[PDB]
Amino acid sequence: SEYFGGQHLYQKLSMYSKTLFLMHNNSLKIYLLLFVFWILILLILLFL
Amino acid sequence: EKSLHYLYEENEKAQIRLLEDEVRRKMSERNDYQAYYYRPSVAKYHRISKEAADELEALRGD
Amino acid sequence: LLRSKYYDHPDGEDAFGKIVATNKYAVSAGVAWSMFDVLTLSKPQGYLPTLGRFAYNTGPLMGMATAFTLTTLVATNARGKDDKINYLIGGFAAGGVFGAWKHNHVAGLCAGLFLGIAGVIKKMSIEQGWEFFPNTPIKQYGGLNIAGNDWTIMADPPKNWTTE
Amino acid sequence: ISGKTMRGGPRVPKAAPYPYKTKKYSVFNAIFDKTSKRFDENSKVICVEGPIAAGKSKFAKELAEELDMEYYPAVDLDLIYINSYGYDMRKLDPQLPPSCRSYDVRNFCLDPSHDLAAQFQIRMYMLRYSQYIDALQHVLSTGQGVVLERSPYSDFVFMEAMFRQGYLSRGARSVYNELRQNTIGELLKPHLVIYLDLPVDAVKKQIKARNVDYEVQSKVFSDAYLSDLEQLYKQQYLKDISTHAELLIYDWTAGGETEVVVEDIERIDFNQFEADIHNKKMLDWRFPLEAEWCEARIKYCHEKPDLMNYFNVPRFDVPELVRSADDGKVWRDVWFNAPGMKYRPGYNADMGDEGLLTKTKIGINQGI
Amino acid sequence: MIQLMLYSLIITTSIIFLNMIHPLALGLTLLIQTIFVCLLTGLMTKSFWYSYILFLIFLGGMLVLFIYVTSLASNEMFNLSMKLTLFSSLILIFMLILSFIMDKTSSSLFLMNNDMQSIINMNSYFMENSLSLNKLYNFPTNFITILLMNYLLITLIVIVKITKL
Amino acid sequence: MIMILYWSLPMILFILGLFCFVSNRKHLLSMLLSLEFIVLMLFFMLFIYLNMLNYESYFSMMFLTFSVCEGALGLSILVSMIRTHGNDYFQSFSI
Amino acid sequence: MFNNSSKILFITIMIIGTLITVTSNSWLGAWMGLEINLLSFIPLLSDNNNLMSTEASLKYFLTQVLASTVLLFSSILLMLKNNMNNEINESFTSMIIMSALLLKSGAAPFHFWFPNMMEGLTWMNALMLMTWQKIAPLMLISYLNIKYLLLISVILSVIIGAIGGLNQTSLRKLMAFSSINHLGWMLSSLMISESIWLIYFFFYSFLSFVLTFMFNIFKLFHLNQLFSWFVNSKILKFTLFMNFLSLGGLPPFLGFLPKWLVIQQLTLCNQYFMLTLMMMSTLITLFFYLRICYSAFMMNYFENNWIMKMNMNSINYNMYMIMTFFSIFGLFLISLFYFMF
Amino acid sequence: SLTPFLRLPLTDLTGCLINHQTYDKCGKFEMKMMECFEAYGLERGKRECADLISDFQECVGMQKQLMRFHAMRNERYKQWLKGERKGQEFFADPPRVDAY
Amino acid sequence: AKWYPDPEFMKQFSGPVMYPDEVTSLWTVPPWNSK
Ligand SMILES: Nc1nc2c(ncn2[C@H]2C[C@H](O)[C@@H](COP(=O)(O)OP(=O)(O)OP(=O)(O)O)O2)c(=O)[nH]1
């Protein structure tokens, strides 16, 4: 029950929160680069 | 009779709620009426700029 | 061919359009997750392990997609019934394939239960006729007194249009 | 700084004294009332430091009455244990649990090895830090300089002095160092520091000459504790404060003369440190604009609750500074049901207050 | 033709701007890009007022801050490479001969000059740089340039506060 | 088409300046200089737009004022770290 | 944040620039107001006592000018394609406009600057950042009619903003992650109404003022710092911490009302799956709200005993206790309200 | 043109900044669109007023005229490359220098 | 009323993050005055 329940839900949410803190430990240039790619696919499709 | 009156009031409120939901759906489908679901686009600034450009034709001179 | 949808034809009618549609959704999801993957967590260096991480994060999703579609077509064409438990079998198969990439047996079934639930809910949406993300029939652009809210100092010149 | 003898009379203020204990000083008060218009040569902060038996209250009193400044006395723990209504909270000691009872410097003099002593020194810092800002509010708002018997810059000397004798653990040193690193960077360093030098034996001689009943028959003031503090002054605190404040060593082994040190203060030129902008001496008082002066006055006359809320460090790893929850509950039920502190000060009707039905005046920088 | 020459020069200066890393060298690439941008915006317009305005504001007015900061940032000199100069010259001669073998009528811009307009156009004969600049100093668009001068004073007030002087 | 032959080059050089703005192989001064490169390309594209209309080219010194105030703001942000982060913060490859 | 009158000047000019942004009838005057708002929000978010505030202002400058130039480039591209400000059939240039607005607002594909900047600020510039600086981009998002970008942003905001706040024990980053989740409820309300968004934004703003005033007066920046916070009566600390349960969306307090109006309007607009995706991903927000509420819901704690007086501001805490009353007893005013209809 | 959310005094200056109303080849077309946006509003004006929208965009955007010009120039070059048109008759009789 | 939060309970809130990993265990807490 706690597996497929509250304890394993808390463990999976703690693991998902721990693995998302590694996304936020990077420099600003990586996230701005991700925005620049999202502009880049949005302009490639404007050609097509 | 108190329950009969309260049921009549709640039933009439249900019909008016259904009817205003239908009226609001038909208003948002067409954007016809000027109360809800209407974006007021005004050309007041365009008419002001056209009146100013017509006024500066008289000012052109020496 | 590449613009084919999943539901332009009934279940069991064509295989290739369903494979292309579900696989292109898997490729889009894998590319969208892999672009946020290799720049943020476990960042690789060089051209080869970056493409290796892209394949490792995209191709298993393609395998889940084509396995779900193939066992859905097998369960549909094995009998005459077209019902939600074929989507349940397909979700169980996709969860079992995902498990193999995980290498955990528990992960594969645990995934198959949720994917079968998603499959029977989507088949309920197909049967009943509603949409997950419909267009809004009501969109309040503003509240009441929307014409009397013009607090502007500039005087309005007379308009060039009438209602007569 | 000019004394009263050479000036021939009392000093004159350059502006009206602001009622800083009654009226607040926000930015809307800082628009009209400027603060650099009332500053002169007698607007310095002087700290008279020394050993524990040197005469510093009498010397600071005659320096305040000679240089026309205000004497701020040394802090003692009667300021907490006696409220605004005059009731003593040392009479609540049988009602309080023994881990949360009163601990004044008298209890330190007989029992220095108690667990409350590591709290006690921190409490002393919370009375020096609360006094210096109350000194700074007298400097920035009225223009009159202040003189202090004790300063919060010199309170760490007593902390390591109780550490070296063994009265503090390593965790007490860690939490006091964390509190000091959290708080000491928010208050301006003094202009001038006087160290009344005494040898270790003359301190003991003045201690037995004073004949205070807890200084005598106490094992705290041994030949190691006094030597540790007089060494620790001259090689940590004086060396730290000499980068900013002027440092005056006076041989106070005799009775000490007052006119010679006023003469020594008066020959110090205070304008030569303002020539260099990046000079280390008097850096904290170098405000080039009136807006920075008003910001500095706002920081201590209006943001004193911020600097008092900077003491909110959590450190639960020490067992002798954590008040247990049942003891904290009965401490609240005893302390806050006292006649003095049932309500906020000025609003307690049990101890003779009237007109509470139409009274909505809270007060400025009042402890709740 | 000369519009295509400015296209080629802007492409070459942009790819060498992408290639180089020394900060004063990027500042020099910006100051030599601003001249070509000024001329190329002068090719579409009726008269060269806004190219002059962009010149005084951007190059002679603003980029001198960038040149000063990048000059005091870097102690070292430029490491000139003949490979990058040869590659820039090769792509420049390739793009000029590509403009030679291309029809310039289809590649010309559709924006009208002062002489590309009609002869019967009354407004073009009046005064050079008159009707375009008119809306700066007329009702009701004068509030924007009053707000711009106020914005520049407020910008100076911001800059004095953030540098801490 | 019209986009391929006209105003295609400011888009390409704008994306090149955007990629120079966000690349991890550059530094903060290179970010600011590439930022003013995309300011120049924005002026180019805005002037191509504003010259389809005849007498609305006066907006070109409004965007110029705002972007030049942006550039001076960025320089004054960047050199305000001289007294705090030292003179070696200009070579920082990451933020 | 009122140490100088120049900061009051910057506050009124950032108010003026935001009002220029949200009232512009063209896509370029909105950019003009965005630059005015940026110029007046650079000196706030910068101070001499805090070292991290200068590099946080550098992060804010690079994030906003990256977003503003893409917003300008795509608006000029829209004007080059069709010369009116509106668009008949929606295309990719509106997608670039909306993505440049989402970098300004802080939606979850582009939100990674937001808590990383929030890790080094004060509690008043944070109050300006999550409340007033969300006015200028979100009011321009309502002019576009693409659905899937808003769908992806709402879904990613409510999962990423709720999960990512669990690991954070700093109060500023936790409030930034909670504001990212409350951002997604505002964009989900923007697809169905332009008035229910104002309802949710005004009361979310109200909850932001009353909750960030608790951490600004008493100078709280940590979860462990809440346990050492000394309140003279523990009933008052228990009562003051009900704003977390209020903002989490619990029925007796206020803060259930705007979320409930969003639920009422979304179900009437036949959008059920996205509502379920948000409300299964708002329980985590109440979980890290209740992790704050560990420090007040129990009635006795192992307090540090050196501090025995509660020090506080007078005017700010006088303004605080009015808004704390309406944060938990404000559902009695639903009979007086008429702005839902 | 965009409908602003709020109608404050601060839209009075921004609104007149860009507009074809100042003398232009076809601002009289734009006025015929703009008053139409006063009649049906912004959202019904996208559907009920689509004929007047395309004329203004055709005039100032210059889309189909430039596309027709590029169709007439690429077909001439295709006829040159395919051998149908060659020599001194590749280009026609040029216009006079003051014709346009 | 018999169990109250011990310092063992507030030990888990004293880290730089709520759930430490091998990367964030070597981190330090920010200063308590946030400057
Ligand atoms: N533990 C501890 N004891 C302190 C501290 N400050 C002062 N004391 C104690 C040590 C001595 O018993 C006594 C110090 O005496 P004072 O410095 O008040 O000087 P005293 O009043 O003797 O002479 P004076 O007023 O200067 O003429 O108080 C402190 O921070 N911690």
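Summary of conventions: residues on each chain are numbered from 1 in written sequence order, possibly unlike the entry numbering, and any residue without coordinates is omitted from what is shown. Written order determines the labels here, with chains lettered from A and ligands numbered from 1. Any value you read here covers just the chains shown, which are one part of a larger assembly. Neither water nor hydrogens contribute to the side-chain values; these are computed over all heavy atoms in the structure.

The deposited coordinates for this entry were obtained by cryo-EM, with a reported resolution of 3.3 Å.

Caption draft 1: Expanded view of the state of the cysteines. Residues and elements named next belong to chain H. When two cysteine sulfur atoms lie within 2.5 Å, the pair is treated as a disulfide. Inspection of every chain in the model, using the stated rule, returns two disulfides over all chains. Sulfur-sulfur distance for the disulfide between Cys26 and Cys59 comes to 2.0 Å. Disulfide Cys26 to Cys59: torsion about the S-S bond roughly -115°, handedness left-handed. With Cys26 in the loop between α1 (11-14) and α2 (27-39) and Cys59 in helix α4 (residues 50-61), this pair connects stretches of sequence that are 33 residues apart. As far as the burial class goes, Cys26 and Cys59 line up, both buried. The disulfide bridge from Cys36 ends at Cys49, spanning 2.0 Å between sulfur atoms. Measuring the twist about the S-S bond at about 135°, one finds the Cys36-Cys49 disulfide to be right-handed. Here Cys49 lies in the loop between α3 (41-44) and α4 and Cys36 lies in helix α2, a separation of 13 residues in the sequence. Across the pair, exposure class does not vary: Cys36 and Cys49 are buried alike. Under the DSSP-based scheme used, a helix requires at least four consecutive residues in state H or I and a strand at least two consecutive residues in state E, with every element numbered from the N terminus. Type-normalised accessible area, obtained with a 1.4 Å probe on protein chains alone, sets the label of each residue: buried when under 20%, exposed when over 50%, and partly exposed for intermediate values.

Caption draft 2: Layout of the environment of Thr267(G). All names here are of chain G. Within the fold, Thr267 resides in helix α14 (residues 256-268). What makes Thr267 partly exposed here is its relative accessible area of 36%. Note on definitions: a residue-residue contact is assigned when non-hydrogen atoms from the two residues lie within 4.5 Å. Not counting residues within four places of it along the chain, the set of residues in contact with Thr267 comprises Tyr272 and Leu275. Separated by 3.0 Å, the side chain of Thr267 and the backbone oxygen of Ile263 make a polar contact. Polar contact is defined as a pair of N or O atoms within 3.5 Å, subject to the rule that within protein one atom must be able to donate a hydrogen and the other to accept it, and that residues adjacent in sequence are counted only when both atoms are side-chain atoms.

Caption draft 3: Structural view of the nonpolar core. By nonpolar core is meant a set of buried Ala, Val, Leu, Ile, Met, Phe, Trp, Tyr and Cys residues that side-chain atoms within 4.5 Å join together. Ranked by internal contacts, the top residues of the largest apolar core, which has 280 residues, are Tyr49(F), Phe59(F) and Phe215(G). Ranked by residue count, the leading element in this core is helix α3 (residues 28-50) of chain F, at 20 residues. If near-sequence neighbours (up to four positions away) are discounted, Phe59(F) is found in contact with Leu46(F), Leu50(F), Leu28(G), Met32(G), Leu17(H) and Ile18(H). Grouped together as the second largest cluster of nonpolar side chains are 115 residues, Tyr103(D), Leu116(D), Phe156(D) and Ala202(D) included.

Caption draft 4: The arrangement of the chains, seen in detail. With 20 pairs of chains in contact overall, the greatest share of contacts is found between chains E and F. Regarding chain A and chain B, the two do not touch, and the least distance separating their C-alpha atoms is 28 Å. Chain H makes no contact with chain A, the minimum C-alpha separation between the two being 16 Å.

Caption draft 5: Spatial organisation of the interface of chain H and chain E. Chain H puts 14 residues into the contact, and the matching count from chain E is 17 residues. Reported buried area values correspond to the accessible surface (1.4 Å probe) lost by two parts on association, with both partners' losses combined. Here chain H packs against chain E, burying approximately 1,400 Å² in sum over the two surfaces, 63% of which is carbon and sulfur. Here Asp103(E) ties to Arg73(H) by a salt bridge, and the two come within 2.4 Å at their closest N and O atoms. Summed over the shared surface of chain H and chain E, the number is three residue pairs in polar contact. The element best represented in the side of chain H that touches chain E is helix α5 (residues 63-81) of chain H, accounting for five residues. Three classes are used, and their members are as follows: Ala, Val, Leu, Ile, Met, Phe, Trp, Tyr, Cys and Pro are nonpolar, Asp, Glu, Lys and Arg are charged, and the others, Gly among them, are polar. Counted by class, the side of chain H that touches chain E contains nine nonpolar, three polar and two charged residues. Put simply, a salt bridge is a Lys or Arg side-chain nitrogen that is within 4 Å of an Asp or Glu carboxyl oxygen.

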